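Student: Quick one: the structure is below, questions incoming.
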Amino acid sequence: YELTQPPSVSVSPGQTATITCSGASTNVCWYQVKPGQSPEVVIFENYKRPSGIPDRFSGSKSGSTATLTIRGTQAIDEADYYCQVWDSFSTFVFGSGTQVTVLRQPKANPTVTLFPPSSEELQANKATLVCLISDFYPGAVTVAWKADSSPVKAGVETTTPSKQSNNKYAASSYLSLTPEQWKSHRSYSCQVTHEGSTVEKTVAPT
Amino acid sequence: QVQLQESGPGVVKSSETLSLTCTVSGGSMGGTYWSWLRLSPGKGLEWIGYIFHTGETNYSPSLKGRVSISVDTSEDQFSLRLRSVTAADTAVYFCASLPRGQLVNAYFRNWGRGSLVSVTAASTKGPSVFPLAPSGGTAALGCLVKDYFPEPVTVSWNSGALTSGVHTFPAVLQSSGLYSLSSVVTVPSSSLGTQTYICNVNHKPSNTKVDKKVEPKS
Amino acid sequence: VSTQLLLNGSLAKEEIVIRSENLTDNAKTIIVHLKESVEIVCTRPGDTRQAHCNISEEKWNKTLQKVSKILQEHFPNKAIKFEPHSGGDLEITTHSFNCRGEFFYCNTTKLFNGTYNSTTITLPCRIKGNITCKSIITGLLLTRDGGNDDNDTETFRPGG
Ligand SMILES: *[C@@H]1O[C@H](CO)[C@@H](O)[C@H](O)[C@H]1NC(C)=O
Ligand SMILES: *[C@@H]1O[C@H](CO)[C@@H](O)[C@H](O)[C@H]1NC(C)=O
Ligand SMILES: *[C@@H]1O[C@H](CO)[C@@H](O)[C@H](O)[C@H]1NC(C)=O
Ligand SMILES: *[C@@H]1O[C@H](CO)[C@@H](O)[C@H](O)[C@H]1NC(C)=O
Ligand SMILES: *[C@@H]1O[C@H](CO)[C@@H](O)[C@H](O)[C@H]1NC(C)=O
Ligand code: NA
Ligand code: NA
């Protein structure tokens with residue numbers, strides 16, 4: 001069980017970047033997390049801003065959804081943000097995390113490539129579907145698998161975006177099945193969501 | 001002026017037990033909840049549990065059972081044990097503070113250094129390499145380096161001759177602790193069924209050097 | 001001090017007075033003084049450590065309705081809801097007290113269960129014979145949760 005945040009938020013340098021946090025019945029605080037270093041609170045009690053935190057960091061809350069607003073966004077803001085809430089059952093619950101990114105390069109639509117299990121692997125009594133996403137910016141996607149026409153989440157492994165030499169990013173997602181599962185459906189599908197567009201590839205056994 | 005840091009190993013083999021200790025320097029253990037938290041992709045930041053100076057412990061429901069936090073008031077240290085670990089436990093663990101009182105508004109203070117424990121696979125294994133046959137007229141084919149350990153793996157096409165269009169991806173960390181990756185080339189569609197394409201896979205840690213020819217569908 | 005209720009204390013002669021260093025702020029403890037006391041008897045028959053605390057519902061169920069009315073006079077057009085302690089240790093969360101050679105810890109959740117708008121409540125406790133303490137509640141320790149939630153349902157919790 002988690003509070004719900006969007007995976008990514010992207011704005012041009014020096015603009016308003018807003019992050020939501022839905023599913024919090026009580027007060028909410030926020031944590032900024034940069035690679036390697038430790039998380040640090042930027043806002044607490046919905047809109048309180050502690051010392052050391054610039055006055056461009058603010059936020060508010062309306063019943064259900066808490067918000068973290070960021071005006072004049074610069075390079076020193078790029079980091080993963082996590083909202084937190086107290087609970088009477090699990091004590092503490094965090095959001096799914098949002099990745100703030102300042103556009104330092106034009107956007108690029110991801111190139112998806114889906115491969116069916118090879119005859120070779122099936123001989124080995126194993127079946128793997130390979131979804132390959134390359135050349136996309138900013139580096140943040142959502143991989144969603146579908147069997148026939150219904151969603152499937154079990155057996156899916158997905159990497160985190162890795163910056164390539166081209167300054168862009170690339171990821172991959174593998175749906176591992178048993179030859180039986182694979183052949184008992186007529187079409188598996190891999191849908192990748194990036195920004196406001198989604199590419200969907202579909203393969204089928206023969 | 002309170003400092004927290006986590007000692008303990010950075011490697012705990014699968015199905016074993018993770019043991020960490022957070023040392024508190026410059027301050028008493030009284031009037032505080034000494035907590036543990038971990039952070040990783042696929043699971044995000046999640047609270048593990050905290051402990052009072054009397055030993056009163058409150059663990060997270062999700063990890064309730066195989067989790068145990070203790071505290072030695074003497075050495076100003078509190079420990080953490082996580083039994084029957086798996087690949088899903090591989091994450092960056094932290095030790096933080098919480099001021100005794102109303103937790104409705106509380107937020108963790110005095111964050112630790114950022115200890116990263118990795119639950120490694122069981123032993124060394126070579127990869128099984130499988131071909132990914134191909135079907136605005138271009139085409140894409142590739143290789144599948146499956147179930148291997150440890151890193152890294154180097155893939156190349158046509159003995160290094162083929163470069164433009166090639167893209168090898170980062171490895172996936174299987175639940176079983178093993179690794180897998182894929183290399184793919186975008187080749188002119190008319191080149192199919194004529195220009196031979198071969199992927200050269202090498203995994204030195206197991207002396208595995210497979211060269212698999214990836215030819216079109218049957 | 002880390003309690004919730006005031007046993008054998010002083011009574012506000014006139015009516016109900018609200019006292020705090022900063023009512024506009026949430027961090028500061030709220031201490032409301034009452035006039036009429038409420039009987040709270042915690043007996044220990046004898047698990048053996050499990051006890052109880054008989055408190056007439058109506059008395060308590062009314063000494064929060066009027067308490068809201070006074071709070072509403074400090075918060076315009078805002079509802080007043082009461083909810084249990086959000087603590088991490090037994091000593092602060094529960095109503096703890098030294099009763100005839102024994103420290104108690106009463107799960108006082110039932111005392112603060114929902115909003116109050118204008119039988120006997122039994123509270124389980126922690127720690128061989130029959131002990132009985134006969135105190136009377138003269139005042140309450142509360143703590144408001146700030147944040148400007150737009151439902152404007154000011155949630156209050158017994159603490160400090
Ligand atoms: C009390 O808190 C308010 C903000 O709610 C603040 O403006 C005021 O200065 C505080 N009073 C004192 C005495 O510090
Ligand atoms: C209060 O009583 C409830 C009964 O369900 C129990 O679950 C809860 O843990 C108790 N609170 C404390 C901290 O004593
Ligand atoms: C909440 O109130 C209901 C009556 O409306 C009562 O039956 C129940 O016991 C209360 N829950 C708690 C927290 O004890
Ligand atoms: C007392 O008032 C409260 C207000 O929440 C109500 O929920 C409860 O049922 C009432 N009970 C009695 C016996 O008056
Ligand atoms: C409060 O006073 C009563 C007598 O009215 C006494 O019996 C009781 O022990 C006192 N309460 C406590 C917990 O000290
Ligand atoms: Na780290
Ligand atoms: Na999370």
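Identifiers in this document derive from the order of the structure tokens: chains are assigned A, B, ..., residues are numbered from 1 separately in each chain, and ligands are numbered from 1 in order of occurrence.
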Extract the full set of strand (DSSP E or B) residues from stretch 8-133 of chain A according to DSSP on the backbone, and format it as a ChimeraX atom specification.
Tutor: /A:8-11,17-22,28-33,40-44,48,57,60-62,65-70,80-86,92-95,98-102,108,111-115,127-133
Student: Compile the residues of chain B that lie within 8 Å of chain A, evaluated using only C-alpha atoms, and express the compilation as an MDAnalysis selection string.
Tutor: chainID B and resid 41 43:47 60:61 103:108 111:114 130:133 140 169:174
Student: Using only C-alpha atoms, which chain C residues lie at most 10 Å away from chain B, written as a list in words?
Tutor: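 Listing them in order of chain and number gives residues 2, 27, 85, 86, 87, 88, 89, 90, 92, 93, 143, 144, 145, 146, 147, 157, 158, 159 and 160 of chain C.
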Student: Can you spit out the residues from that selection as a CSV table (one decimal), in the first residue's frame, using N, CA, C and O atoms?
Tutor:
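Output file result_5.csv is given in full below:
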chain,number,residue,atom,x,y,z
C,2,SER,N,4.3,13.6,30.2
C,2,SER,CA,3.7,12.9,29.1
C,2,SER,C,2.5,12.1,29.5
C,2,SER,O,2.6,10.8,29.6
C,27,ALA,N,2.1,23.2,17.3
C,27,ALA,CA,3.1,22.5,18.0
C,27,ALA,C,2.9,22.7,19.5
C,27,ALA,O,3.2,21.8,20.3
C,85,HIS,N,-4.4,9.0,20.3
C,85,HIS,CA,-3.0,9.4,20.3
C,85,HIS,C,-2.3,8.8,19.1
C,85,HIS,O,-2.6,7.6,18.8
C,86,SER,N,-1.3,9.5,18.6
C,86,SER,CA,-0.5,9.0,17.5
C,86,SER,C,0.9,8.8,17.9
C,86,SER,O,1.8,9.3,17.3
C,87,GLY,N,1.1,8.1,19.0
C,87,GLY,CA,2.4,8.0,19.6
C,87,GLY,C,3.1,6.7,19.3
C,87,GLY,O,2.6,5.8,18.5
C,88,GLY,N,4.4,6.5,19.7
C,88,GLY,CA,5.2,5.3,19.4
C,88,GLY,C,5.6,4.5,20.6
C,88,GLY,O,6.2,3.5,20.5
C,89,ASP,N,5.2,5.0,21.8
C,89,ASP,CA,5.5,4.2,23.1
C,89,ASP,C,4.2,4.2,23.9
C,89,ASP,O,3.4,5.0,23.9
C,90,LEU,N,4.2,3.1,24.8
C,90,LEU,CA,3.0,2.9,25.6
C,90,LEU,C,2.8,4.0,26.6
C,90,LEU,O,1.7,4.5,26.9
C,92,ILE,N,3.2,7.2,26.5
C,92,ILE,CA,2.6,8.5,26.1
C,92,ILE,C,1.3,8.3,25.4
C,92,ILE,O,0.4,9.1,25.5
C,93,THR,N,1.1,7.2,24.7
C,93,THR,CA,-0.1,6.9,23.9
C,93,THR,C,-1.3,6.6,24.9
C,93,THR,O,-2.4,7.2,24.7
C,143,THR,N,-3.5,18.2,21.7
C,143,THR,CA,-2.5,18.7,20.7
C,143,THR,C,-3.1,18.7,19.3
C,143,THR,O,-3.5,17.7,18.8
C,144,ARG,N,-3.2,19.9,18.8
C,144,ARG,CA,-3.9,20.1,17.5
C,144,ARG,C,-2.9,19.8,16.3
C,144,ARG,O,-1.7,20.0,16.4
C,145,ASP,N,-3.5,19.2,15.3
C,145,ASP,CA,-2.7,18.9,14.1
C,145,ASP,C,-2.9,20.0,13.0
C,145,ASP,O,-4.0,20.1,12.4
C,146,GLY,N,-1.9,20.7,12.7
C,146,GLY,CA,-2.0,21.8,11.7
C,146,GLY,C,-1.9,21.3,10.3
C,146,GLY,O,-1.9,20.1,10.1
C,147,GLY,N,-1.8,22.2,9.4
C,147,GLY,CA,-1.5,21.9,8.0
C,147,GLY,C,-2.5,22.5,7.0
C,147,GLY,O,-2.3,22.5,5.8
C,157,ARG,N,-5.9,15.7,19.2
C,157,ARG,CA,-5.4,14.5,19.8
C,157,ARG,C,-4.9,14.7,21.2
C,157,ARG,O,-4.3,15.8,21.5
C,158,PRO,N,-5.2,13.8,22.1
C,158,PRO,CA,-4.7,13.9,23.5
C,158,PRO,C,-3.2,13.6,23.6
C,158,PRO,O,-2.8,12.5,23.4
C,159,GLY,N,-2.4,14.6,24.0
C,159,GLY,CA,-1.0,14.4,24.1
C,159,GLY,C,-0.3,15.6,24.6
C,159,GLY,O,-0.7,16.2,25.6
C,160,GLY,N,0.9,16.0,24.0
C,160,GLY,CA,1.6,17.2,24.4
C,160,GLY,C,2.9,17.3,23.7
C,160,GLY,O,3.4,18.4,23.5
Student: Would you mind writing down, as a ChimeraX atom specification, each residue of chain C that DSSP on the backbone assigns to helix (DSSP H, G or I)?
Tutor: /C:57-62,65-72,90-93
Student: With N, CA and C atoms retained, export the selected residues as a compact mmCIF listing (two decimals), in the first residue's frame.
Tutor:
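result.txt, written as the output of this step:
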# COMPACT_ATOMS: atom_id res chain seq x y z
N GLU C 57 -20.53 6.79 30.12
CA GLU C 57 -20.47 7.29 28.75
C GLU C 57 -21.02 8.70 28.65
N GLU C 58 -22.25 8.89 29.11
CA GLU C 58 -22.95 10.17 28.96
C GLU C 58 -22.13 11.34 29.50
N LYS C 59 -21.56 11.18 30.69
CA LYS C 59 -20.75 12.24 31.28
C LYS C 59 -19.63 12.62 30.33
N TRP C 60 -18.85 11.63 29.91
CA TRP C 60 -17.76 11.86 28.98
C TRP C 60 -18.27 12.33 27.62
N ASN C 61 -19.38 11.75 27.18
CA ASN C 61 -19.91 12.01 25.85
C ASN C 61 -20.47 13.42 25.75
N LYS C 62 -20.60 14.08 26.90
CA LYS C 62 -21.08 15.45 26.97
C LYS C 62 -19.93 16.40 27.24
N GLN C 65 -18.64 17.54 23.85
CA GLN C 65 -19.52 18.36 23.02
C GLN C 65 -19.37 19.83 23.39
N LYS C 66 -19.46 20.13 24.68
CA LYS C 66 -19.26 21.50 25.15
C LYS C 66 -17.83 21.92 24.91
N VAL C 67 -16.92 20.95 24.92
CA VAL C 67 -15.50 21.24 24.75
C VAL C 67 -15.26 21.69 23.32
N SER C 68 -16.02 21.13 22.39
CA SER C 68 -15.95 21.52 20.99
C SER C 68 -16.46 22.95 20.82
N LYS C 69 -17.60 23.23 21.45
CA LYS C 69 -18.23 24.54 21.36
C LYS C 69 -17.26 25.66 21.72
N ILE C 70 -16.40 25.41 22.71
CA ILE C 70 -15.43 26.41 23.14
C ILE C 70 -14.29 26.48 22.14
N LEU C 71 -13.95 25.34 21.54
CA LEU C 71 -12.91 25.29 20.52
C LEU C 71 -13.37 25.99 19.24
N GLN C 72 -14.65 25.84 18.92
CA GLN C 72 -15.22 26.49 17.74
C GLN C 72 -15.18 28.01 17.87
N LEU C 90 4.19 3.15 24.79
CA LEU C 90 3.03 2.90 25.63
C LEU C 90 2.80 4.05 26.62
N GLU C 91 3.89 4.57 27.18
CA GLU C 91 3.81 5.59 28.22
C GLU C 91 3.04 6.84 27.79
N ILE C 92 3.22 7.25 26.53
CA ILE C 92 2.63 8.49 26.06
C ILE C 92 1.28 8.28 25.38
N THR C 93 1.13 7.17 24.67
CA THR C 93 -0.11 6.89 23.95
C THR C 93 -1.28 6.64 24.90
Student: Neighbouring residues of residue C:32 were defined as those with any atom within 7 Å, considering only C-alpha atoms; residues of the same chain fewer than 3 positions away were excluded. Please report them as a PyMOL selection string.
Tutor: chain C and resi 17-19+139-141
Student: Could the residues in this selection be saved with N, CA and C atoms as a PDB file, in the first residue's frame?
Tutor:
ATOM      1  N   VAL C  17     -11.976  27.304  30.499  1.00  0.00           N
ATOM      2  CA  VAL C  17     -10.976  28.222  29.967  1.00  0.00           C
ATOM      3  C   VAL C  17      -9.977  27.487  29.080  1.00  0.00           C
ATOM      4  N   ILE C  18      -9.653  28.088  27.939  1.00  0.00           N
ATOM      5  CA  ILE C  18      -8.626  27.555  27.050  1.00  0.00           C
ATOM      6  C   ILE C  18      -7.322  28.319  27.251  1.00  0.00           C
ATOM      7  N   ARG C  19      -6.246  27.587  27.527  1.00  0.00           N
ATOM      8  CA  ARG C  19      -4.950  28.201  27.786  1.00  0.00           C
ATOM      9  C   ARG C  19      -3.858  27.570  26.930  1.00  0.00           C
ATOM     10  N   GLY C 139      -8.995  18.164  34.102  1.00  0.00           N
ATOM     11  CA  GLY C 139      -8.578  18.831  32.881  1.00  0.00           C
ATOM     12  C   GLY C 139      -8.050  17.867  31.835  1.00  0.00           C
ATOM     13  N   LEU C 140      -7.778  18.387  30.642  1.00  0.00           N
ATOM     14  CA  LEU C 140      -7.324  17.561  29.530  1.00  0.00           C
ATOM     15  C   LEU C 140      -6.105  18.158  28.834  1.00  0.00           C
ATOM     16  N   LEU C 141      -5.197  17.286  28.405  1.00  0.00           N
ATOM     17  CA  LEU C 141      -4.047  17.692  27.609  1.00  0.00           C
ATOM     18  C   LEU C 141      -4.286  17.311  26.154  1.00  0.00           C
TER      19      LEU C 141
END
Student: Could you give me the residues within 9 Å of ligand 1, counting only C-alpha atoms and all ligand atoms, as a PDB file with C-alpha atoms, in the first residue's frame?
Tutor:
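Output saved as pocket17.pdb:
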ATOM      1  CA  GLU C  21       1.079  29.890  24.414  1.00  0.00           C
ATOM      2  CA  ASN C  22       0.048  30.004  20.750  1.00  0.00           C
ATOM      3  CA  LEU C  23      -3.390  28.848  19.563  1.00  0.00           C
ATOM      4  CA  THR C  24      -2.537  29.910  16.028  1.00  0.00           C
ATOM      5  CA  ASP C  25       0.304  27.377  16.139  1.00  0.00           C
ATOM      6  CA  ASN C  26      -0.156  23.610  16.338  1.00  0.00           C
TER       7      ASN C  26
END
Student: Distance cut-off 6 Å, counting only C-alpha atoms - which residues of chain C neighbour chain A? Return them as a list in words.
Tutor: residues 147, 149, 150 and 151 of chain C
Student: Export, as an mmCIF file, in the first residue's frame, the selected residues with N, CA, C and O atoms.
Tutor:
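For reference, again.cif as written:
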data_model
loop_
_atom_site.group_PDB
_atom_site.id
_atom_site.type_symbol
_atom_site.label_atom_id
_atom_site.label_comp_id
_atom_site.auth_asym_id
_atom_site.auth_seq_id
_atom_site.Cartn_x
_atom_site.Cartn_y
_atom_site.Cartn_z
ATOM 1 N N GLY C 147 -1.761 22.241 9.384
ATOM 2 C CA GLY C 147 -1.537 21.895 7.992
ATOM 3 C C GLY C 147 -2.530 22.506 7.019
ATOM 4 O O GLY C 147 -2.315 22.460 5.807
ATOM 5 N N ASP C 149 -5.619 21.558 6.166
ATOM 6 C CA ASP C 149 -6.462 20.660 5.382
ATOM 7 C C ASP C 149 -7.793 21.359 5.118
ATOM 8 O O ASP C 149 -8.414 21.895 6.036
ATOM 9 N N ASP C 150 -8.229 21.356 3.861
ATOM 10 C CA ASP C 150 -9.335 22.211 3.437
ATOM 11 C C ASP C 150 -10.727 21.688 3.782
ATOM 12 O O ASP C 150 -11.724 22.362 3.521
ATOM 13 N N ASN C 151 -10.806 20.500 4.370
ATOM 14 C CA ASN C 151 -12.078 20.030 4.903
ATOM 15 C C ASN C 151 -12.426 20.815 6.165
ATOM 16 O O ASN C 151 -13.561 20.780 6.640
#
Student: Which residues are near residue B:79? Cut-off 7 Å, only C-alpha atoms, ignore same chain within fewer than 2 positions. Put them as a list in words.
Tutor: residues 20, 21, 22, 69, 70, 71, 77 and 81 of chain B
Student: Next, dump the selected residues to file, keeping only N, CA, C and O atoms, as a short mmCIF file (atom, residue, chain, number, x, y, z; two decimals), in the first residue's frame.
Tutor:
data_model
loop_
_atom_site.label_atom_id
_atom_site.label_comp_id
_atom_site.auth_asym_id
_atom_site.auth_seq_id
_atom_site.Cartn_x
_atom_site.Cartn_y
_atom_site.Cartn_z
N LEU B 20 22.68 -5.46 10.53
CA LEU B 20 23.27 -4.12 10.54
C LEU B 20 23.20 -3.50 11.92
O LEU B 20 22.36 -3.86 12.75
N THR B 21 24.11 -2.56 12.17
CA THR B 21 24.14 -1.83 13.43
C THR B 21 24.36 -0.35 13.14
O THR B 21 25.26 0.01 12.38
N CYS B 22 23.53 0.50 13.74
CA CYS B 22 23.69 1.94 13.59
C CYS B 22 24.26 2.54 14.87
O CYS B 22 23.64 2.47 15.93
N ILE B 69 14.64 -5.61 15.70
CA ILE B 69 15.49 -4.48 16.07
C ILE B 69 15.76 -4.49 17.56
O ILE B 69 14.84 -4.54 18.37
N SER B 70 17.04 -4.44 17.92
CA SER B 70 17.44 -4.40 19.33
C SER B 70 18.30 -3.17 19.60
O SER B 70 18.67 -2.45 18.67
N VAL B 71 18.61 -2.93 20.87
CA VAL B 71 19.40 -1.76 21.24
C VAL B 71 20.23 -2.00 22.50
O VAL B 71 19.71 -2.44 23.53
N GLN B 77 24.46 2.07 20.59
CA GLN B 77 24.19 1.48 19.28
C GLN B 77 22.88 0.70 19.32
O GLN B 77 22.51 0.13 20.34
N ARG B 81 18.11 -6.89 12.41
CA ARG B 81 18.28 -8.18 11.76
C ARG B 81 17.11 -8.46 10.82
O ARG B 81 15.95 -8.26 11.18
#
Student: Could you state the separation of atom 6 (C, counted along the ligand's line) of ligand 5 and atom CA of residue C:82 in Å, given to one decimal place?
Tutor: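 We find that atom 6 (C, counted along the ligand's line) of ligand 5 and atom CA of residue C:82 lie 28.0 Å from each other.
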Student: In Å, with one decimal, what is the gap from atom CA of residue A:148 to atom CA of residue B:180?
Tutor: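 For atom CA of residue A:148 relative to atom CA of residue B:180, the distance reads 25.5 Å.
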Student: Using atom CA of residue A:103 and atom CA of residue A:22 as the two end points, give the distance in Å to one decimal.
Tutor: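 Going from atom CA of residue A:103 over to atom CA of residue A:22 covers 25.4 Å.
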Student: Quick one: everything within 7 Å of residue A:179, counting only C-alpha atoms, minus sequence neighbours fewer than 3 positions away in the same chain. Send it as a PyMOL selection string.
Tutor: chain A and resi 122+125-127+182-183
Student: Could you dump the residues just selected with N, CA, C and O atoms as a PDB file, in the first residue's frame?
Tutor:
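Wrote it out as selection.pdb, contents follow:
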ATOM      1  N   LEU A 122      12.416 -22.124 -26.200  1.00  0.00           N
ATOM      2  CA  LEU A 122      11.252 -22.961 -25.949  1.00  0.00           C
ATOM      3  C   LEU A 122      11.663 -24.426 -25.852  1.00  0.00           C
ATOM      4  O   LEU A 122      11.100 -25.181 -25.060  1.00  0.00           O
ATOM      5  N   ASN A 125      12.343 -25.375 -22.578  1.00  0.00           N
ATOM      6  CA  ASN A 125      11.167 -25.325 -21.715  1.00  0.00           C
ATOM      7  C   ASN A 125      11.055 -24.005 -20.953  1.00  0.00           C
ATOM      8  O   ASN A 125      10.495 -23.954 -19.859  1.00  0.00           O
ATOM      9  N   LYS A 126      11.591 -22.939 -21.537  1.00  0.00           N
ATOM     10  CA  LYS A 126      11.445 -21.608 -20.964  1.00  0.00           C
ATOM     11  C   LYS A 126      11.022 -20.618 -22.044  1.00  0.00           C
ATOM     12  O   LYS A 126      11.299 -20.822 -23.224  1.00  0.00           O
ATOM     13  N   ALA A 127      10.341 -19.551 -21.635  1.00  0.00           N
ATOM     14  CA  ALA A 127       9.833 -18.564 -22.580  1.00  0.00           C
ATOM     15  C   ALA A 127      10.004 -17.157 -22.024  1.00  0.00           C
ATOM     16  O   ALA A 127       9.567 -16.865 -20.912  1.00  0.00           O
ATOM     17  N   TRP A 182       2.739 -19.145 -22.414  1.00  0.00           N
ATOM     18  CA  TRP A 182       2.998 -18.445 -23.665  1.00  0.00           C
ATOM     19  C   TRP A 182       2.088 -18.909 -24.797  1.00  0.00           C
ATOM     20  O   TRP A 182       1.573 -18.093 -25.561  1.00  0.00           O
ATOM     21  N   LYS A 183       1.893 -20.220 -24.902  1.00  0.00           N
ATOM     22  CA  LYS A 183       1.152 -20.789 -26.020  1.00  0.00           C
ATOM     23  C   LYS A 183      -0.352 -20.805 -25.772  1.00  0.00           C
ATOM     24  O   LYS A 183      -1.134 -21.020 -26.698  1.00  0.00           O
TER      25      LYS A 183
END
Student: Excluding residue B:147 and its own-chain neighbours fewer than 2 positions away, which residues fall within 10 Å of it when counting only C-alpha atoms? Please give them as a ChimeraX atom specification.
Tutor: /B:125-129,144-145,149-150,172-174,176-181
Student: Take the residues from that selection and put them in a file with N, CA and C atoms, as a short mmCIF file (atom, residue, chain, number, x, y, z; two decimals), in the first residue's frame.
Tutor:
data_model
loop_
_atom_site.label_atom_id
_atom_site.label_comp_id
_atom_site.auth_asym_id
_atom_site.auth_seq_id
_atom_site.Cartn_x
_atom_site.Cartn_y
_atom_site.Cartn_z
N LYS B 125 27.69 -18.57 -12.71
CA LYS B 125 27.07 -19.33 -13.80
C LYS B 125 27.25 -18.62 -15.13
N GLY B 126 27.43 -19.41 -16.18
CA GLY B 126 27.55 -18.86 -17.52
C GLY B 126 26.20 -18.58 -18.14
N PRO B 127 26.17 -17.69 -19.13
CA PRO B 127 24.92 -17.31 -19.79
C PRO B 127 24.49 -18.30 -20.87
N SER B 128 23.18 -18.44 -21.05
CA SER B 128 22.64 -19.12 -22.22
C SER B 128 22.25 -18.04 -23.23
N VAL B 129 22.79 -18.14 -24.44
CA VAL B 129 22.57 -17.12 -25.45
C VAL B 129 21.55 -17.59 -26.48
N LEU B 144 19.92 -12.73 -26.78
CA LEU B 144 19.40 -12.74 -25.42
C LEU B 144 20.36 -13.48 -24.50
N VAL B 145 21.13 -12.71 -23.73
CA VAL B 145 22.05 -13.28 -22.76
C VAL B 145 21.27 -13.58 -21.48
N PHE B 149 25.92 -14.82 -14.10
CA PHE B 149 26.43 -14.12 -12.93
C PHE B 149 27.92 -14.43 -12.75
N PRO B 150 28.71 -13.43 -12.32
CA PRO B 150 28.30 -12.04 -12.06
C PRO B 150 28.53 -11.14 -13.26
N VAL B 172 19.28 -6.98 -16.49
CA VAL B 172 18.20 -7.07 -15.52
C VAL B 172 18.61 -8.00 -14.38
N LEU B 173 18.34 -7.59 -13.15
CA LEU B 173 18.64 -8.42 -12.00
C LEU B 173 17.46 -9.32 -11.67
N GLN B 174 17.52 -10.57 -12.14
CA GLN B 174 16.46 -11.53 -11.91
C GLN B 174 16.18 -11.68 -10.42
N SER B 176 16.02 -14.31 -8.90
CA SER B 176 16.91 -15.38 -8.44
C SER B 176 18.35 -14.89 -8.27
N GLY B 177 18.57 -13.60 -8.49
CA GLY B 177 19.88 -13.01 -8.29
C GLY B 177 20.75 -13.01 -9.53
N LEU B 178 20.31 -13.72 -10.57
CA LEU B 178 21.07 -13.80 -11.81
C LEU B 178 20.82 -12.58 -12.70
N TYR B 179 21.60 -12.46 -13.76
CA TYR B 179 21.52 -11.30 -14.65
C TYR B 179 21.18 -11.72 -16.07
N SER B 180 20.58 -10.80 -16.82
CA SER B 180 20.26 -11.03 -18.22
C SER B 180 20.25 -9.70 -18.97
N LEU B 181 20.68 -9.72 -20.22
CA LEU B 181 20.66 -8.51 -21.04
C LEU B 181 20.39 -8.86 -22.50
#
Student: So which residues are near ligand 5, meaning at most 8 Å away with only C-alpha atoms and all ligand atoms counted, given back as a list in words?
Tutor: residues 7, 8, 97, 98, 99, 100, 132, 133, 134, 135 and 136 of chain C
Student: Keeping only N, CA and C atoms, write the selected residues as a PDB file, in the first residue's frame.
Tutor:
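Produced file result.pdb, reproduced below:
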ATOM      1  N   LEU C   7      -5.527  13.919  37.057  1.00  0.00           N
ATOM      2  CA  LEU C   7      -6.175  13.221  38.163  1.00  0.00           C
ATOM      3  C   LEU C   7      -5.950  13.955  39.483  1.00  0.00           C
ATOM      4  N   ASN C   8      -7.040  14.240  40.192  1.00  0.00           N
ATOM      5  CA  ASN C   8      -6.973  14.880  41.504  1.00  0.00           C
ATOM      6  C   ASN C   8      -6.355  16.272  41.432  1.00  0.00           C
ATOM      7  N   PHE C  97      -0.741   5.909  34.860  1.00  0.00           N
ATOM      8  CA  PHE C  97      -0.811   6.449  36.213  1.00  0.00           C
ATOM      9  C   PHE C  97      -0.391   5.413  37.253  1.00  0.00           C
ATOM     10  N   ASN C  98       0.149   5.892  38.371  1.00  0.00           N
ATOM     11  CA  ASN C  98       0.561   5.024  39.469  1.00  0.00           C
ATOM     12  C   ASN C  98      -0.596   4.789  40.435  1.00  0.00           C
ATOM     13  N   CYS C  99      -1.190   3.601  40.365  1.00  0.00           N
ATOM     14  CA  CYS C  99      -2.347   3.270  41.190  1.00  0.00           C
ATOM     15  C   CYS C  99      -2.022   2.224  42.256  1.00  0.00           C
ATOM     16  N   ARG C 100      -1.857   2.691  43.490  1.00  0.00           N
ATOM     17  CA  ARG C 100      -1.621   1.814  44.633  1.00  0.00           C
ATOM     18  C   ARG C 100      -0.522   0.790  44.362  1.00  0.00           C
ATOM     19  N   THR C 132      -8.054  -0.796  43.275  1.00  0.00           N
ATOM     20  CA  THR C 132      -9.032   0.177  42.807  1.00  0.00           C
ATOM     21  C   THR C 132      -8.585   1.605  43.099  1.00  0.00           C
ATOM     22  N   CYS C 133      -8.431   2.399  42.044  1.00  0.00           N
ATOM     23  CA  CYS C 133      -8.109   3.813  42.185  1.00  0.00           C
ATOM     24  C   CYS C 133      -9.324   4.661  41.841  1.00  0.00           C
ATOM     25  N   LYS C 134      -9.608   5.649  42.683  1.00  0.00           N
ATOM     26  CA  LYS C 134     -10.780   6.498  42.506  1.00  0.00           C
ATOM     27  C   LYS C 134     -10.392   7.962  42.334  1.00  0.00           C
ATOM     28  N   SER C 135      -9.967   8.312  41.125  1.00  0.00           N
ATOM     29  CA  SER C 135      -9.577   9.680  40.810  1.00  0.00           C
ATOM     30  C   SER C 135     -10.677  10.383  40.028  1.00  0.00           C
ATOM     31  N   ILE C 136     -10.509  11.686  39.822  1.00  0.00           N
ATOM     32  CA  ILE C 136     -11.464  12.466  39.042  1.00  0.00           C
ATOM     33  C   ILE C 136     -10.749  13.406  38.075  1.00  0.00           C
TER      34      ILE C 136
END
Student: Would you kindly return, as a list in words, each protein, DNA or RNA residue with an atom no farther than 12 Å from any atom of residue C:47, considering only C-alpha atoms and excluding same-chain residues fewer than 4 positions away?
Tutor: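 My reading of the contact set: residues 51, 125, 126, 127 and 128 of chain C.
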Student: With C-alpha atoms retained, write the just-selected residues as a tab-separated table (two decimals), in the first residue's frame.
Tutor:
chain	number	residue	atom	x	y	z
C	51	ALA	CA	-7.59	-4.40	33.97
C	125	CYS	CA	-5.18	-1.43	30.65
C	126	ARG	CA	-1.73	-2.92	31.21
C	127	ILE	CA	0.92	-3.13	33.94
C	128	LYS	CA	-2.93	-10.76	42.93
